[PDB]
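Before any questions on how it binds or moves, here is one chain, the form deposited in one PDB entry, in structure tokens.
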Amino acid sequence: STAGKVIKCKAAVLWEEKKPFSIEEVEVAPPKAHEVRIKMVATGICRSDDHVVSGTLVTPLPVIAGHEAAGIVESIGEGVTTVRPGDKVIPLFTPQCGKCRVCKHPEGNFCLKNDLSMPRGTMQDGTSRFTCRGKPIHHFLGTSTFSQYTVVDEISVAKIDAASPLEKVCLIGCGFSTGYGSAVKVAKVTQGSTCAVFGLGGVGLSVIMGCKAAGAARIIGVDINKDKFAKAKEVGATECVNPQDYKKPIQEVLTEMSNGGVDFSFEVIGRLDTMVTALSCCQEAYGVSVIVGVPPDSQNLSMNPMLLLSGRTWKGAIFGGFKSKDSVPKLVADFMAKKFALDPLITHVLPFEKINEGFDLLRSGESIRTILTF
């Protein structure tokens, strides 16, 4: 029995930037009021977790990272009403409190209880449930999935179908939903349109899936790693271009290819230059560009606002625009109903102990998603 007791378990601790994860024993406190302790089953390696290592994405260290995952509830704190022990769940890196102005807005999803804007790396109550070698360890986005057990706030967990395959649906916790929603909800890609997708990793492939679902006629993948092209075509790209193959800037290439600019463009990398390029390549009077990638902390881009004055729309979003707790279970149900595919995103499956190897696969260009199994 573990309910009400501290659990000692293995986690991947990041003690400082630019170091391998350290796989070692941590102590996980029991859940307090309105908290949920989860036994992890599978977690994906998202580029954002690597951004924590590289210092691209700032959050308090030391930390237990990981945010794209699925597990089974081990215990619940007082007052919890939306999940029970034994339920399959996905942790929600964007909460859904249901009560703030954003949660009440028809479009909004970036709940004001999030820990992304100004990261504290705690539970909602400002404390941590993790200790390692006697030291407190920070949480990450209210999730912290690189651990056999984590504790999350109730507003940061969704109950999902008891029959779902957790080694696949963990991707609904971040990369799939982000990319798919960026196309279908944020951009609202139209039938017959031309899309350009910058970055052909797990998120960008999920953008392609959304553009195809929305009926785009042309979906142009853009990546500097041509090894990414074959899979991009399998999931719906009609053409792929590598900017390094061209003498001219790729915005000019894409404008030419699309006979004056694309309908929808997506930045799914995290570079300031590609954000401006992606905006520029959409048609100047009616084009829409969506920023998805997370760029280096504290860095500003430079752009000419004439790009907007002509008529372009520029937007960004977190988690594909989906209200997290409402959307995650529906997306799992949609997966179980064969409405989209997750296998094309999964290139590697490793035990959790091989987390560093999984990160090396990402960094080398070789993987899309590695799924770590506990």
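Throughout, rigid core stands for the largest set of C-alpha atoms superposing within 1.5 Å between the two forms. In this text, residue numbers run from 1 along the sequence as written.
Here the subject shifts to the form deposited in another entry, a form of this protein not shown in this document.
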* To do: State yes or no: after fitting on the rigid core, is the Cα displacement of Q251 between the shown form and the other one at least 2 Å?
  => yes
* Is it true that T81 shifts between the shown form and the other one by 2 Å or more at the Cα, once the core is aligned? -> no
* Asked: Core aligned, does the CA of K226 move at least 2 Å between the shown form and the other one?
  -> yes
